[PDB]
Every structure is written in C-alpha cells, then in structure tokens.
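Protein chains in written order, with our numbering: chain A, 3 to 125; chain B, 154 to 580; chain C, 219 to 637; chain D, 63 to 491; chain E, 31 to 458. We put the CB at the ideal spot given by N, CA and C, even for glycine.
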Amino acid sequence: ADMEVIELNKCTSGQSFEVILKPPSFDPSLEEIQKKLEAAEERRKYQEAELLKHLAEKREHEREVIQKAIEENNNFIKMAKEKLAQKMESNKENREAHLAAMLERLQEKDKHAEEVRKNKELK
Amino acid sequence: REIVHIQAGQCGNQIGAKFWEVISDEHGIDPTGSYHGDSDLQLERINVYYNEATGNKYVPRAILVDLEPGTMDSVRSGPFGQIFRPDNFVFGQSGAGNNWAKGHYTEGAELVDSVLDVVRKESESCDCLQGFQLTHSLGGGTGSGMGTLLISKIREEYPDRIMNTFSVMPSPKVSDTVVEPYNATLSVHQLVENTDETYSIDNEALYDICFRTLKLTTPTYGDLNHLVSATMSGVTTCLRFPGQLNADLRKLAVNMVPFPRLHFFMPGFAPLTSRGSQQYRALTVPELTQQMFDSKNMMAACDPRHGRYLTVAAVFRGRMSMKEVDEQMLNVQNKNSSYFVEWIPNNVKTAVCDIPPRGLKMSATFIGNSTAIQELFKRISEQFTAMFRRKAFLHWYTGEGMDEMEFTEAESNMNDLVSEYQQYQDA
Amino acid sequence: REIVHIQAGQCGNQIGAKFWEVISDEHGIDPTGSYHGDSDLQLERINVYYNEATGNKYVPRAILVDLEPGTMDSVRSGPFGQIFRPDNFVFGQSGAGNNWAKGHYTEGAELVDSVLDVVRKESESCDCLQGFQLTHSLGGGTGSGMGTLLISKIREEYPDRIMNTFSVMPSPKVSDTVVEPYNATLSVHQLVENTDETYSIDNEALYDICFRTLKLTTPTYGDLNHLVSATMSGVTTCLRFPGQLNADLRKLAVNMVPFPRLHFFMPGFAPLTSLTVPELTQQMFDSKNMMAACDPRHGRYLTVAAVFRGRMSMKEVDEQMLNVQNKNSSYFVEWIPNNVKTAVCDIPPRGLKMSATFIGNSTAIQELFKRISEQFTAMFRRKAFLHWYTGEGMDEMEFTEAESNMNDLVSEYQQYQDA
Amino acid sequence: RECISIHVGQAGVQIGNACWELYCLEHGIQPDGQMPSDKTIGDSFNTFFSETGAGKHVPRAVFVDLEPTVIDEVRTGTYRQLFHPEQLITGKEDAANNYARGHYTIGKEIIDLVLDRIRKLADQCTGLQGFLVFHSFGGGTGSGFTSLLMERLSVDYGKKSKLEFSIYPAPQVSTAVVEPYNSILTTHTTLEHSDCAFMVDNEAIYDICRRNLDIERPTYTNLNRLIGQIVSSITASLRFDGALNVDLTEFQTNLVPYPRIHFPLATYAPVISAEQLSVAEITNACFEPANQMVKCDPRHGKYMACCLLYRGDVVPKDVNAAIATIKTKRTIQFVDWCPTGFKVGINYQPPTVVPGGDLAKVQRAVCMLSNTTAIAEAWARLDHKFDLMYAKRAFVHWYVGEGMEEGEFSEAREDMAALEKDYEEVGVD
Amino acid sequence: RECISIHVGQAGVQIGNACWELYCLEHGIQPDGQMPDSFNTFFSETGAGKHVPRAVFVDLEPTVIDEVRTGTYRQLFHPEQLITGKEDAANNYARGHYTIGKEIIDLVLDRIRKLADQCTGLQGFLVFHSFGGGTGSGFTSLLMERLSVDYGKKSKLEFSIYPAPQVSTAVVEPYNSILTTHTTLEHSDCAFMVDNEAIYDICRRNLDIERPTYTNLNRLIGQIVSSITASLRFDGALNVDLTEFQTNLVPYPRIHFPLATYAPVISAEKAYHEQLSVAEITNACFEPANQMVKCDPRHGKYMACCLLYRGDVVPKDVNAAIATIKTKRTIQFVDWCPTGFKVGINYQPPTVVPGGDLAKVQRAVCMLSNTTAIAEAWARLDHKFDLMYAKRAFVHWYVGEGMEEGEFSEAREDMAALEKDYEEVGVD
Ligand SMILES: Nc1nc2c(ncn2[C@@H]2O[C@H](COP(=O)(O)OP(=O)(O)OP(=O)(O)O)[C@@H](O)[C@H]2O)c(=O)[nH]1
Ligand SMILES: Nc1nc2c(ncn2[C@@H]2O[C@H](COP(=O)(O)OP(=O)(O)OP(=O)(O)O)[C@@H](O)[C@H]2O)c(=O)[nH]1
Ligand SMILES: Nc1nc2c(ncn2[C@@H]2O[C@H](COP(=O)(O)OP(=O)(O)O)[C@@H](O)[C@H]2O)c(=O)[nH]1
Ligand SMILES: Nc1nc2c(ncn2[C@@H]2O[C@H](COP(=O)(O)OP(=O)(O)O)[C@@H](O)[C@H]2O)c(=O)[nH]1
Ligand SMILES: CCOC(=O)Nc1cc2c(c(N)n1)N=C(c1ccccc1)[C@@H](C)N2
Ligand SMILES: CCOC(=O)Nc1cc2c(c(N)n1)N=C(c1ccccc1)[C@@H](C)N2
Ligand SMILES: [Mg+2]
Ligand SMILES: [Mg+2]
C-alpha cells in the first residue's frame, strides 16, 4: 500500500526490518505429577493381576471337570461291584435252602418209611 | 452227555429188553460184540446209551431189578440175551405180590440198597452223567412200588440230574390184578413229585391200537410191547443220533414243561403192525402228519380234543425233505388251530433225523403235554374210590405196614393234579 | 520381531503342513537345507518365521500337537517332511474322540504340559518373541479343545504377547461328526476371550469356492486346504517380507479391532487353484470369494485391510481402492474414519503374476455364528448327544454358559448397525 | 489301537467262526496263521490279530461255551491251526436254554477263568480299545454268561467300551419256547454295561436267504455266512483303516444320541447269488424293509442318526447325487432335532465272499447304519411274548429253581416298559 | 546461545535425519564430521577434528535409529546420542506415555543433560515428532512434561507431523494427536504443524512425483525446517534466538500454531528455466496450494506475519513486491495488531540435496503466518476423534495399557475450548 519500513537491525550475513502498513486500531508447569505415572501403573498392575486371579480361576475348575469325572466314574464301579456279589450271595443263599427244602422232604418220606416196618414188625 | 437206564419189573423189564434190542439194531451191535453195519453215524452218540468195556465190546448202561428170578432169566435166555453185564442184574428171590407196599416198603427196601450200589457205580463211572430214565408198570408192586422208591432214593443221591420214566398206566381191561388202581394211585402220587417227565402209556390204548387198528385177534404181551419198543426208540433218537438238535435232556425238559407238576406227555406213533400186514410205501409226509396227530394213534388213552395241547414236540425219520415238514406242520396249526394254548407262544417245535428205524422208510413220533391227560388220571381215580368205598382189597396193605389215611392222602394228591389241568383251560 | 507357531489337530496340522511348504517356497528352502533362489529379499524377515540351527539349515519355529500318531507321520512322510525339528512333535497315543472335552479336559490336559514345554523353549529361545499364531478345526476335539486349552495356558504364561488363530468353522455339509456344533460353540466362547485376532474360515465356503467357482467335482481335503494354504500366505506376507509396512502384529491388531471381543476377520482371495488390478479388486470384495460363509452384504464393514502382490503400478491400486469405497460406499461404517487401509508388496506367490488378499472385520460375520448357534440350540434342545460329555465330567449348564456367551457376540455385531 | 473279540454261546461261537473265517479271507491269511504279505513285525490289520511268534497271526479272540460240542468243532476243521488252545474255553455241563443257569449257577464257576484268559490278551496290547461281544439273545449261556461277563468286564476294564452283536431270536429256526424270558432278562442287566449294540433278527436273515438266495429252508451255516458278511462290513472301518469311522468312539459318537438307545438298525446292500449293480441302485436298496436286518418298518418310525458305509469301487462323485434322489423320491423321515445325517464312509477294499459260498463277488456294496425309532417294534414283538407267558408264571419255576427271584423278572420287564417308553418319547415336538 | 535438537519417533527421526543431512550440506561438513561462533548454534566442536550435532534421537523399536548407525552419517553422531528401546509403542499413546515410556525416560532425560552440560548458556529445545502415532505422541508428551521440570525458562519449539489418511496406515491416529496435543500444549512455546497431506500434495503437483515416498516428503520438510532454523545458524537479524520466535509469532500463550509456506519448489529437470522473480515468489506465499497445512487463510484473519527470505535479495525489491500483494490480493488482518511483515533477509543462497528432486534456487521465501484459519485442521481432526469416541471405537486398547476413560473426555474438552479461542479472535 506504499508504507515506510521500521528498520530493525543489520549484521554480518543478514538484515531485519518491520513494515507496518495500517495502524493497529485500539482494541504454572507443576512437578508433583511423577506420582501420576505410577497411578497409571496402579491400574495396569490391577488388570493383569485379575486376568490372572480370573485365569488361575478357570484353572482349578479344570481340576474339577478332570477329576469330578473320574470321581463320578469309580462311583459306578464300586456301586456295581456289590450290585453284583451281594445280588449273587443272595443267590447262593437262596438256592442252597431250596435244595434243603427239597431234601428235608425226603428225610420225611424216609423217616416215615422206616417207622412203617417197625409197625409191620408189630402187626 | 451220558444217560443210565433202570429197568425194573416184569412189565418194566420185558419192555426194556425190546427197547434195547431195537436201539441196539439201529446202532448195530452183535448180540455180544461190536459194530456191524455200513452206516457210520450211529457211533457219535452211542456214547450216551452204552458204557463200553475191554476187547471190542459195547454193553448197555443198564440195571435190571426184579423181586424174583423168573423174568430176568427170560431176557438172558431170549433175544439179545447175554448183552447186559452179568452183575448188573439185581435179583429178587422173594415175592413181588403185585402189591405196591411189598415193593416200596418191606421186600423192596430189603433190596434197593443193592440196586443203588450198581447205579452208583455206572453213574459214578459215567464221565458226565446227565440223567436216568426208567421203565415199569404202574399196577403191580416190583415196578410201580420199587421204582417209585428207587426214584425217591435216586433223587436225594442225585438231586442234580434229571429223572425220566416210561410208565405203564394199567387198564381194567387187559390186566391180571383186581387191585392195580390202588397200585397206580400210589405211584402216580410218587411220580408227580419226583420225576421230570413221564411218558404215559395206557394198555387201554396199546390194546386198542391192535384191534381197532390192526385186526390182531389174540393180542399178546408180545405184539403190544412191540409198540412201546418202537415209541421209545422214537422219543430217544435225538439224544442218541444226528447233531441237528442237541437235546440236553434238561433243555429238553425245560422246553416241555410249563408247570412243575404235570409232566405227563401222552405219546404217539406214525406207522404200525408187525406180522401179516405191511405198508405199500405210501407213508407220504401229509398222511404221516395228520396221523401222529390222530388220537386213535396216541400212546395214552385220552383224546387231545377235549383238553388242549400245552406243548408239543414231534420228530421225523427218513431221507425226506423238511421243506414239506414245516408246511404240513403249519397247516395242522390252522386245520386244528383252536386246540393249542395261545399263552405259550411258539409251542409246537419239530425236528427231523434221517436214518430210518427197523423196516419202515418214513416215520413220525409225537411227544405230547396235553391237558387231555386229565382224561387218563380221572379214569383211574374213577375205579380207585369205587374200591376205597367200604375199603375193599385194602387189607393187604393194612397190615403190610401202611396207613388208613395214606391211601386217601394220595387219593387227594391225585384229585388235585386232576383239577389243575382243568385249571389250565385258561385265557 | 519374531513369531512361533502352534499347529494342532488333524485339520489344524494338514493346514499347517501346506502353509509351511508354501511360505517355505517363497523364501526358498530345501526340504532340509538352506536358501536356493536368485531372489535376495526373502531372508530379511525370514528371521520371523524361522529359528535357524547349525550347519547351513533353517528349521521353522513350529510345534505340532496331536492326540494320536496317525496324522503326524503324515507330515513327516509327505511333502516337506523332515523339515521340522524332530522333538517339536508332541505325540498323542490316546484317543481324540472328535470330542471337545477329551481334548480340553481329560486326555488333553494329560499332555498340554509337554506342549507348553516346547513352546516355552522356542519362545524363551526366541530373542524378541512378538506373538504366537495357531491353526486348527473348531468341530472336533484335539484341535478345538486342546488348542482352546493351549491358548488359555499360553496366556497367563504370556499375557504380554499377542495371540492369533486360523480356526476352521465346521459346516453341516462336508463334515464327519454329528456333534461339531457342540464342539464349536465351546471353543467360540473360549476364543472370544483369549485371542486377539481370529481368521474365520468356513468349510461351507471352502467347498463352495470349489463347486460354484472351480468345476472340481470331488473336492478333497486336499484341493480345499490349498485355498487356506494360500490365504494364509496372503495374510502373513507383510510381517515376513518387504519393509514398506512394518507390521508389529500388535500394531496390526490395535488397528484392526475396535472392540475387544469381536476380532473375527473373514478373509478372502484374488485368483484360484492349480488378473488386471480392477478385476482383482472387484473380486476380493465379492462374497463369492469370501473365506467365511457370509455375505458381506447384510452387515457392514468395521475395518478392512487388503494386501496386494506383484510388481504392478499401485498408482492404479488406490485408484481402484477408492472406487470400491464409493461404488460400495453405503457398506462400510462411518464412525471409524480412515477405516480401509491397504498395502502392496511386490514379490508374487507360487505361480500367479498378480494377487490380493482381504482381511475383513465384517459384522456380517454374525451370520456365521447365528448359523452354528441355530443348529446348536436345536440340539441342546431335548439335550441330545450331550451325554458324550455328560460323563466326561462336563456340566449340564456349562454348555448353556457358552451358548449364551455366543448369543451375546451375535447381538453385539447386531448392536453395531448403529448411527 | 487294539481290539478283543469275545464270543459266548453256541450262536455267538458259530457267527464268530464264520466271520473270523471271512476276516481271514479279507486279510489274506492261510489257515495255519502265516500270511505272505510284508505286513508283520510285532500296523494296518494288527487291530484284530497279533503277530505272535515268528510265522503265525493269532486272532485276538476268546471263545466260550458251556458244553464242549461247538468249541470242539473249532479244534477240528482247519483253523484248528489258527487260534491258541488257551483261547477257547469249554465247560463240561450245559446252560440249558436258561438264563438263571447261565448267570448264577453254572456261570459262577467258569467266569473267574475266562475273565483272566481275556486279561492275557489285553496284556499283549499297548493301548487296548474295546471288546466285541458276540452272543445269542434268547438261549442259555448266550444270555446269562454274557450278562455276567459284561457286569465283570465293566468292573475289570474302565473306559474301554463294549460293542455287542445280539441274535434276536426267531420262531422258525429256534427250538426253544422259553426264549423271550432269556432275552428280556439279559438285555436288562446287560444294557447299562453296554455301549452300542447291533441286533440281528434271525427271521430277517432267514428272510433274505429265502427271497434273495433261492435257498429252500436255509441252514445255520447258511445264515452265518450272511451275518459274517454284515459284521465284517461294520468292523471294516477299523481293520484296513477307513477314510472314515477310524476309532470306536467317533465310529459311534455317531450312532447313539442317548445313553440307553444303542440299537442301530443295519442293512446290507447287494446280496446276490452266484450261479453288476449301480452305485445309485444299491444305496436305494438300503432303504427297503426287505433288505433290513431286524424285522420292522422304518418308513413310519423317525430316523435320528444315519450312517452309510460303502465298500469297493466308488468315487464320492456318485454317492452324493444318488442320496439326493433318495430325498426327492422316498421317505425322508427325520427327527425333530438332529441335522439330516449321512456320515458317509468310503473303503476302497473290494468285498470278498466265501469261495464256494452262496453269494457272488461284488464290485460295490453298501451298509447303512441307522438309529431309527422303529427298531423298538421288535422290542415289543418280544415283550408281548414275555408278558403273555409270565402272566401265568408259564416257565418261571425253572428259574426260581436254579436260584432266581420271582421279583427279578417283574423288574426286567419293568425296564423294557420304560425303554419302550424312551423310544416312543423321541418322536416330534 | 546454544541449541539442542530432540527427535522422538519414527517420523521425527527421519525428518531429523533428512534435515541434519541438509544442515550438513549448508555448513559444509563431510559426513565424518570434519569440515575444512556462527554455526556452533547447533553443532559442538568435540575432540580435534569432528563436528558432532547437538542432537538426541529416540525411538521405541530399533529399526529406524538402526538405519542411522548404518549409512554414512554413521560417522556423524555419538553412539550415545541415539537411544533405542527394544519393544514398540504400537500406534498407541497410552503405551508411549505410561507403559513403555516410564522405563526409558529416566535415561533419555539424562543423556540430554549431557549435551546441555557442554554449553555455556543453552537456549532451548527443538522437538521433532509425529502427531498421531505411538511413541511420537506418547513419549513426546512425557518428555515435555519432564523437560519442562528439569529446564526453567529454556523454551521449547515443536515440529509436529499432522497425520494424513493417504500416506498413513493407522486408524487410531486421531485419538493419539488430540491426546498428546492436550498434555503437550501447556509445556510447549511455539509449534509448527506440518500436514503430510499438504506435502504429499506439493509433490504431486509441483514435483511430478506419481505416488511420493516418505524420503520424498522428508527432503521437502527438511528444506522448510532448514529455512525456519536458518535465522539462528548463520545469525542474521530477526529470530536470532528462540525467545524471538514466540515474540513475533505468538500473541497468546495458547495459540502457538503458525502456518508455514515455502516459496519456489521447482524440480531439477526444470532446473534451467529463467529463474523466478523476487516479486513472484512472495506472491506465491499467499497461495493455498503452496501451503504447509491444508486449509484456507483467505477467509480466516491473519494476526501475525513474518517473511523469511533467503538468497540474493535487496530489500528495495521486497517492499514494492509486498505493496502489490496489498493492492491485488486479500489483506485479511485482525482487529488489533499492526499489519505485520517483519522481514528477514539472509544472504546465504539455498542449497538442495544433490541428486534430490528440487533444484538450486537463487532466491527462496518462507512466510510464517499465525492465522486463525489454521484451526480448520484443528477441527478436521477433532471430528474424526468425535465420531469415533462416540462409540468407544478403539478406546479399550488404552484403558488397557493403563489410561483413563475420562482422560479422553478431558482432552477433547481442551480442543473444544481451543477451537473456541481461535474463533474468539475474529473482529469486534
Ligand atoms: N443266527 C444264528 N443263530 C443261532 C445259531 N445257532 C444257534 N442259534 C440261535 O441261538 C439262540 C439260542 O442261543 P444258543 O447259543 O443257541 O444257546 P446257549 O445256551 O447260549 O448255547 P448252548 O451252550 O448251546 O446252550 C436261538 O435263537 C437259536 O436260533 C447260529 O449259528 N446262527
Ligand atoms: N512426514 C513423515 N511422516 C511419517 C513418516 N513416518 C511415519 N509418518 C507418519 O507418522 C504417523 C505415525 O507415526 P510414527 O512415527 O510412525 O509412530 P511412532 O510410534 O512415532 O513410530 P514407531 O516407532 O514406528 O511406532 C503417521 O501419520 C505416518 O504417516 C515419515 O518418515 N515422514
Ligand atoms: N405192555 C406191557 N404191559 C404189561 C406187560 N405185562 C403186564 N403189563 C401191564 O402192567 C401191569 C404191571 O406189570 P407187572 O410186571 O405184573 O408188575 P410187577 O409186579 O412189577 O411184575 C400188568 O398187570 C399189566 O396191566 C408187558 O408185557 N408189557
Ligand atoms: N479344510 C480342512 N478342514 C478339515 C480337514 N480335516 C477335517 N476338517 C474339518 O474340521 C472339522 C473336524 O476337524 P478334525 O480334524 O476331524 O478334528 P481334530 O483332529 O480332533 O482336530 C470337520 O468339520 C471337518 O470338516 C482338513 O484337513 N482341512
Ligand atoms: C431218555 C430220553 O429223553 C426223554 O426221555 N424224553 C424227551 C425226548 C424228547 C424231548 C424231550 N423234551 N424229552 N424233546 C425232543 C424235541 C423235539 C423237538 C425239538 C427239540 C427237542 C425230542 C428230541 N425228544
Ligand atoms: C499371524 C499372522 O498375521 C496375523 O495373524 N494377523 C494380521 C496379519 C496382517 C494384518 C493384520 N491386521 N493382522 N494386517 C495386514 C495389514 C494390511 C493393511 C494394513 C496394515 C496391516 C497384513 C500385513 N497382515
Ligand atoms: Mg478325526
Ligand atoms: Mg445253554
């Protein structure tokens, strides 16, 4: 706009200068936070120590499954080891006095046949 | 697996003889020695009926009991005489009486132990003894009375193994003794509690089969034993022959008896006669089936009409095709469908062995748990208490060492068995 | 920086084999020895997939798990056989069952510790282990059940490092076991909480890509693996090749997953079997060429990566890349801004002058979960074949505990059709 | 890995002898045990045989019966060379067509010995799998010893599964009336100790021969050759190693959805008599009530798990479109809640038949293992006999006799009633 | 007096390496350090032969720092002055600031303190770093917090690389910029943003480069930076010392961000056309094309304006040239501050990188404007950030490494309030 320069300095390898054109027209850093950076680590250290206290969780549940299975299995063997031999010693006991129940009928057609000749040798 | 044979009494023994010589033919044995025959089967299952001794030799597993010499030296002097091991004969000496008690109590028990002493041998010798069978009369003491004892003493010693008899139910027509009813009722009692199966054989039948069905005028104890002889081969075959069954005798019973009492098979046969009559080859299968299922061809006098078959086995003989057999067998279960029980399902099984009997190209034998057997029992108890009226002949047992109520005590045990078969006219 | 590889299960393993020999070609390695090829690049980033041993030698960083000999002596007897270090093989002996529980609980945990023992000593050997990747089936136990276990035991030991899988989601058509739905739903749960990215791969797709798209009548497990083999080379390349990316694997994940569940990239490929740029592009963005059985139509793209291959002018590449994002502008989300980035490495694959691969985080993946969960509840219904796991020591409701975890992951993908 | 065959009972034994025979043809073993194929030191068929000594190839089997007789014919006709004299236990006295005898009376005595002679064979096995128990349904030792075996095997062997092949009994070629009791007895004690169980209806086999083989009235060894063929097509998967069905679990993980429901229905493909069929046509035979293996009708019961076991010259490229028009022509028939099946098992090994046998050499054969609810038809067709007898105590007293309980009968019929119920309880929604 | 350069982050480092290179050309130092007051403003006369840069280079991978101890220049630094750190920041601020930062910061901070100790009256620091992107945002932020504590008055000038969709790879970018820029801004003094897009743009129009490289872009930024730092390396009046940077450029504590514009970018291949007139180049500075951050200052008000000339120029020319920038183009000044133009002449003709892309020019111009239209890119950013955080988008990676859901809220908060100051400077 054709202006006048306010010459502001000259030295070895240069020259500065303002060129005002049309008047202007009248119109705490803080150190304490090194404890903020181990506040951040306050919550990391918590998170990973929880997908651990929740993971060492899904763990000794595996202990169960793995064994609360085997422990339900032999639960069947030692149910069915006597669902056998206590069904089967109820059997040996059952027949044997159904043999006797046959034989003690014989001693009875027998110790009567005896007493009916001791009655012939008396008639 | 192995079976022994007790054969006691004049009637029991003269059956036994003919039986033995007929089956001895089928396997082919010299009156003494060993095998003579172009067949080769025979000997698979000769094991079962013949304990074999040194040299060549084959000797039956037989015990012959009688309470008097007479009828034992009949066998030894007759047909297949000296075939039986000498001291397998248990002699009698004494009376027989034709009286149950003498044979079951006094003169019987007098022997008995000596019989038990042969059986105990043969059976204890026998490598896997399966069971015994016995033959005898039921009216008359030495058979009916000794045997019913034998069996009672046979069990108890052998609970274990299965028992089995061809017993001869006596008729008012064609018999010797007024008393037989008394005799029978007493053994019938005995049997129904100590045997596992009991082939019923009426002499009423046996005689009737010869005059109604043979024209045979003077029927002996000869031609008449002849039938029983045959019928008995019939029944036995499949424990002694093929390998198309396998016939455990136990299996055989379990599959024949529903109810532990009532093991009273009335038997029957295919063809017949011996002397002046033949068969012009024509035993055809069909005419062989509605023949073994004809009552006028039953070995007990009943009539498997009134009274229904509980179970029924049949076994066929001869190189004939069974592709017809099941198909005739079928047919009769429709042609007479009414008179099988339904409540035991597949209750008539039939099998075939194919090496014919003496003579006869094709033949059939029928085993038969018919509650029409009630017919037989109810006939004998009909003349029994017609005797126990004001207690007639009874006095022979009165003193022999028997009791008042003991007759009645078996009059009753029968009268139950009667109304138990009528109880199985079921639903 | 360095990555190890776990390859477990008959399906997991026969994939792993094909993968390895294909990438082993790209770098050029003798069935045993070392480099043979006129190229020179290869070896910059061969560091990453190959721990090298004495003599000449190169040996993969590989662990092979199975719960029975059978399919391991298939690799050792087959193509690039005796390439993997002898005792990097973890044998099974026992049953596998085609049953999740046996592999995740009983016969699995029985081993496991021996596997952990190889990994621990490859990874601890490894100078800066960046992460592991795993391959395996999802319907059938030794893979889906052992692996889901492996990865659970792999984290916890290595929280730290990032996990990653090519998992093969099974189909009702072309499969062996009635039960697979049960198997999958059980691992889907597992994965969605323990992996950082998971390449979904339908056999429904794999097969379909062969009969609608290849005139191949009797599709093997051979020519069908072939695809995954390829698609897997595609995905990996830029952690293993140029230096125009640099692809931390972590960086790679952070820039691919918005929300910590839902890392379910359906992939895709350019050409097919035993190519111009435009016609390469509008083919990798076609469904008829996706690796999950989806249709990236009903469901919008979350984030999307494509990797291009072949000395070609890429000035054409983004000029076609932009084009898809306008001729298909509706179908990517707005609320993540520059959410479809691509990169180009120029060393082509086995044969094939030009090629491209598409990793795609698409909510249309919900379509695949729904489809399994649909035949899963229809089975857990009157509590069907469940009895094979009943007595294996698993819980009645432990199924329903994963059945629901899934139905969430469905209606989250659905909850990201938002505004 | 390994795999032991037990055959108890006259029927079991002969089915056995007639398929160890057919195994032997299939794997090329001359009777004496030696085979001139390079497949022995001690893989492939080692599932069943053991490479014992330096020459022979003994079957991993044990044979038990309570008579000799049947076991006796093995130590008789060539094959006499094939087993170890140990592996065939015989037992003096018979079981007599009676379970009580088999389980309690005569069993007690021999079981200790058998159980241990099995334990010999399991000890020459690094990782044994399971047992195959062949046995007759009805009939004595077959029902009763089998039952006792399984109780015990269940105790002496943990996981180790058990597959039974039962011979469901048939009026026409039986002899035994008491049959039904025996089957409903065993089947009750037996079923919680079993894993999956192939019934074989004698009647249906007798049937096949009378229609398909032109045999007038067919023998036992007629029937056995047929069953021999069927079993060998089932076991086929684990003997040559199949491209599916390759272990006992995932063989059957396939077949039994519910613990109780074991009983799959089998159907053998081309039974055709010497003195060829299309891949399509044979598949379209499997679904024909005639060619079935248990007399029933699955066109009206629902299917709930379906296998197809092919054997011979087949490209899957065929199997498929053949199945396709099994669904657009015939009766689909699927349950409320399980896919629509068809695990398909290809084995390239062409089927061998017995040399002067009844059937001919076939190019391709199919096998279809279906778990349909219509196989409970024969669960009642049995029951009804049992009911209509026990109603009168019929044959009971033979059992109470050997030692059994009046109430143990009640109790077994109680089980079928409840089973017959589960099977009805799987239809629709 | 003295003056230390810090370059954190892949981007920082390479911008660095490509302008230490250009410094080296300008002051005549052969790579080895030896060259056969003044420019001691940047280098130190260490030992008897060499001329080590007063710099420190930090990154969290090796890789990039590794390239330097490789290609000649390898001779130029002290092995100490390049800190590398094993594991990556992974495109994520949290990681850079809190997780992976913590560990290395105590070391760097001290290795800087070595360089400040061989200096009698140190001035301030120049921090080169990428805006978006991991270590660049995150470590920088932590650096500045700490440099602010360890160094009193001593001012800090930052050169940020405002990130651009076409040549980036990262989606999560925006978050990282808005994050740092928040913690960073109360610890900074004046800050030159550099819009990759705008540079990518210059090359595509002005250099004929089809799809330009990073090392393409860097040579350009190298040139611009070296025209800014120029004042304090040769010493010519105006910007003798860092203090003055702000005194001329920042009227308000917050408003740091000046807009740069480099003059004659023209490609050898055109290197012999009758070169450009003192007038015409000035008349380029005011061209949205030749800008340094993509926006439009023809509509935003200017509030402080510098022209930094370099080469053969008599001020006589400059003037009447400016005169008809007024009577032709858009004046555009704020309510209350003169009408600018503090003009800087430096006689040192501008040197270019030898087999580079641009040519040896006789005269070049540099225009440093503090316009309120540079807040256009403050929003073009924000909007991305907004439209993501709205869905939590990528957040969980952060909460993950250790951060606060609410620390995000709080940074957008700052931009919101800034974007406001920047609007609040128009008229009255
Ligand atoms: N399919 C078939 N069934 C048979 C065979 N042999 C016998 N049976 C049947 O076997 C069933 C009875 O079982 P068995 O083995 O015969 O009798 P077991 O008591 O177990 O054996 P035994 O010692 O002979 O009594 C009946 O249904 C007969 O039909 C055979 O070879 N094949
Ligand atoms: N101008 C320029 N920008 C770059 C350069 N390298 C990366 N960027 C940009 O920087 C942003 C990513 O910043 P980076 O420096 O790569 O991230 P960083 O964590 O600082 O570097 P890393 O150590 O690799 O993580 C993206 O906008 C890139 O476009 C470069 O060499 N020059
Ligand atoms: N069929 C057959 N029955 C006979 C024979 N002899 C007699 N009986 C019948 O059976 C009854 C009893 O036989 P018997 O031998 O006299 O009895 P014993 O005292 O044991 O000799 C006889 O009274 C006849 O009814 C015989 O030769 N064969
Ligand atoms: N593509 C691919 N999938 C397979 C392969 N083999 C089996 N599958 C599939 O994976 C699922 C079962 O995996 P499988 O390998 O049998 O289980 P695993 O051995 O216990 O891992 C089924 O749905 C099959 O369709 C194969 O080798 N390649
Ligand atoms: C001393 C001889 O043994 C006897 O006294 N009596 C005996 C004879 C039988 C019989 C059975 N139960 N008891 N059953 C048979 C049967 C008929 C058809 C199919 C199966 C078997 C045939 C063999 N004959
Ligand atoms: C185990 C091997 O690799 C993975 O598991 N996961 C993986 C691989 C990627 C990938 C990504 N996100 N995840 N992204 C890529 C990419 C494409 C465009 C821009 C940035 C990256 C290409 C290089 N490959
Ligand atoms: Mg498998
Ligand atoms: Mg038996």
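{"Check": "For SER474 (chain B), the first and last residue of its enclosing beta strand (DSSP E)", "Outcome": "Per DSSP, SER474 (chain B) belongs to no beta strand (DSSP E) and is neither H nor E."}
{"Check": "Proximity to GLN105 (chain E) [Cα-Cα], best of E:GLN60, E:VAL138, E:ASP140, E:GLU117", "Outcome": "E:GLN60"}
{"Check": "Of the residues E:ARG249, E:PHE438, E:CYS54, the one placed nearest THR102 (chain E), counting alpha carbons only", "Outcome": "E:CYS54"}
{"Check": "Through-space distance from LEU339 (chain B) to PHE560 (chain B), alpha-carbon basis", "Outcome": "7 Å"}
{"Check": "Cβ distance (whole Å) where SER198 (chain D) is taken to contact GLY74 (chain D) below 8 Å", "Outcome": "6 Å"}
{"Check": "Residue burial classification, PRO485 (chain C) (beta-carbon count within 10 angstroms, cutoff 16)", "Outcome": "buried"}
{"Check": "Secondary structure of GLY341 (chain E), DSSP reduced to three states", "Outcome": "strand"}
{"Check": "Coil, strand or helix - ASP112 (chain A) by DSSP", "Outcome": "helix"}
{"Check": "Proximal residues, the region 434-448 of chain D versus chain B, C-beta separation under 7 Å", "Outcome": "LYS447"}
{"Check": "Cα-Cα separation, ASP112 (chain A) to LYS306 (chain B)", "Outcome": "9 Å"}
{"Check": "Cβ of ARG303 (chain C) within 9 Å of any chain E Cβ", "Outcome": "no"}
{"Check": "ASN353 (chain D) to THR449 (chain C) span [Cα, whole Å]", "Outcome": "48 Å"}
{"Check": "Short-range partners of chain E found in the region 40-59 of chain A, where Cβ spacing is below 7 Å", "Outcome": "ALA42, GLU43, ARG45, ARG46"}
{"Check": "Delimiting residues of the beta strand (DSSP E) encompassing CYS258 (chain D)", "Outcome": "258-261"}
{"Check": "Proximity test, Cβ basis, 9 Å: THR114 (chain E) and chain C", "Outcome": "no"}
{"Check": "Same chain, Cβ closer than 8 Å to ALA407 (chain E), neighbours up to 5 away in sequence not counted", "Outcome": "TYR192, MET223, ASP225, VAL323, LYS324, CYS325"}
{"Check": "Span of the alpha helix (DSSP H) around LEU441 (chain B)", "Outcome": "439-445"}
{"Check": "From E:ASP458, E:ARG422, E:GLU454, E:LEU52, residue whose alpha carbon lies closest to that of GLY252 (chain E)", "Outcome": "E:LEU52"}
{"Check": "Where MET484 (chain C) falls: helix, strand or coil (DSSP)", "Outcome": "strand"}
{"Check": "Rounded straight-line distance, which links the Cα of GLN444 (chain B) to that of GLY460 (chain B)", "Outcome": "18 Å"}
{"Check": "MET473 (chain B) at chain A interface by Cβ criterion, 9 Å", "Outcome": "no"}
{"Check": "Simplified DSSP assignment, three categories, for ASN522 (chain B)", "Outcome": "strand"}
{"Check": "The region 495-509 of chain B: positions lying closer than 8 Å to chain D by Cβ", "Outcome": "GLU495, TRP496, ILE497, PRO498, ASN499, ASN500, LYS502, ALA504"}
{"Check": "heavy atom of ligand 4 below 8 Å from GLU398 (chain C) C-beta", "Outcome": "yes"}
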